[PDB]
Structure formats: structure tokens, C-alpha cells
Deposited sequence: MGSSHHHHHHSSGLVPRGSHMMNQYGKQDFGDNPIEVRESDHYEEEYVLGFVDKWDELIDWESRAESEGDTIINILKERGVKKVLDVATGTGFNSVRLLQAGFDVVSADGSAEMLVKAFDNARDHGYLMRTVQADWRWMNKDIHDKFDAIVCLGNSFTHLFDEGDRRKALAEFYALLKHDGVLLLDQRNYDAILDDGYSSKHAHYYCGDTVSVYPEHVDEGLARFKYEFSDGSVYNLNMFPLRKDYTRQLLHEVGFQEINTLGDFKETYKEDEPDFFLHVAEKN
């Protein structure tokens, strides 16, 4: 109940203070170019959230199906797409049973916005990746991103900023099984969120173990004040 309300408040706050035009500039066209270079046409977003990545792909002319576990997220995402002049195709769906209400196969799946880290059970991780794998066409690709937890687990901790100084993100607590981040916004709002601190090679291992053939992991520098280490990684996992 309340945990879901809390996260909905968090994404509302992020979107209230950080517009998508700005964000689409901070982030590059990395994702779009990867899909374009592969001749991708049909895309499934499995972590739609308030819709940023789905709308970016709709704008770029991809055929997109936008899934999420949360109906409240999908309402936000549909109306945001609407506001940008696009009709979103939303589907509420659980990562443990993705083909319950999705009956198509896709050229690409995107699982972006550091959403995979929210699973704390390994069985759930494998199950989700296996569900994604099954929804891809033979020559399909999975794009899945995450924060760089290796930097945090092996060190001397400090905040990362996004969209100028609009929000700071600070690892309040970190151990091998949990990272709690403090998100502090420019208007004074504070949110604290838990996630599982996936090591880069652990995610790659899981992808390989469920049947993905080749995985290339890219450093993704999203934060305002760049460091030698990227604050995000982007895994590009090819089904075959």
C-alpha cells in the first residue's frame, strides 16, 4: 500500500522538477541509435514508469508496447504520451508472467531507468529475464540498465547530481545485499529508496545463464559532475 504510494510520489517529484526535453539532452540518443543500427521495429518497454523511454521511442518512430506492473504508472505514462502528441499502447503486466497479456514477439525489449535493481530475490531475477528472453524474436535484443554499484561497494562515498543540481542521489547505506539511496530535490523534497546493488558482472552472469548469447556492457555517464567511473551501465544482450 504505502510503499507504492511513496514511489508514485517520488516519480511525480522527479517529473515535476526535471522536464523530458532536458533529460533527453543529458542522456544521449544512445538507446535510439542502438535500436536503429539493428533495424529494430517492434519494441516492448517492460519498465514504462511515467513513460520517458517509451515516449522517446514513439517519437523516434518505433512501434512500442508499454508495459508496467503498476496501473497508476501506466495512467501517468499514457497521459504524458498524449501530451506529446502520441497514442501509447499500455499493458499492465508482471515480470513473472509477461506473456499472460502480451501475445506478440518483439525485435527489442527495453528495461531502463534502473528498474531491474528493485528485485531482491534471485529467483525473481532469473524468472524476469527468462520472461523477457521468451518475448524476443530469434534475432532480438534486450537493453537493460543499472546504476554502477561496483564503485559504491568497493569504496569515500558522495552524492551524484542529475539535471544540473535539481536532484542529488546519495548512498546512505550500502552492503552486499542492499543499497538505500537518499534522493534530495532542489525544492527540499527527500525520498529514500531501497534497491539491490547488482554487481556489473553478476548481471552479465544472469543474462548469460538464462540463455542470452552475447552481452556487451557500456558505461553510461548520466550525472552532472562526471567521474572516471560511469554512474550507470547499459547491458546490450543479444538473444542469439
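When the deposited sequence is numbered from 1, the segments without any C-alpha atom are 1 to 41, 197 to 199.
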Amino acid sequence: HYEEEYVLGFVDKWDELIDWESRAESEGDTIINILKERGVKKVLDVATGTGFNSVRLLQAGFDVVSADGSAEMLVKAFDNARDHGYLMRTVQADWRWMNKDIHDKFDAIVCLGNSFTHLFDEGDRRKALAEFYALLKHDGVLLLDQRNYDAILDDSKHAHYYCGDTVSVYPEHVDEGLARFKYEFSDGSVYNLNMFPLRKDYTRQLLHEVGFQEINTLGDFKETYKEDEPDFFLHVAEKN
From here on, numbers count along this sequence of modelled residues.
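We call the rigid core the largest set of C-alpha positions that still match within 1.5 Å between the two forms.
Larger root-mean-square CA separation from the shown form, computed after a rigid core fit of the structures in 5 other deposited structures of this protein, is seen for 22 to 30 when 22 to 30 is set against 49 to 57. In terms of root mean square C-alpha deviation after superposing on the rigid core in 5 other deposited structures of this protein, the stretch standing farther out between 156 to 164 and 104 to 112 is 156 to 164. When the C-alpha B-factors of 107 to 115 and 145 to 153 are averaged, 145 to 153 comes out higher. Taking the PDB entry as given, 35 to 43 carries the higher mean Cα B factor of the two stretches 35 to 43 and 197 to 205. The residue among 75, 130, 159, 167 whose C-alpha carries the highest B-factor in the deposited model is 159. Sorting the modelled residues of the chain by their CA temperature factor places residue 28 in the highest third.
Sort the modelled residues of the chain by CA B factor and residue 22 lands in the highest third. In this PDB entry, the Cα temperature factor of residue 53 sits in the bottom third of its chain's modelled residues, the lowest group. Among all modelled residues in its chain, residue 184 ranks in the lowest third by Cα B-factor. Among all modelled residues in its chain, residue 6 ranks in the middle third by Cα B-factor.
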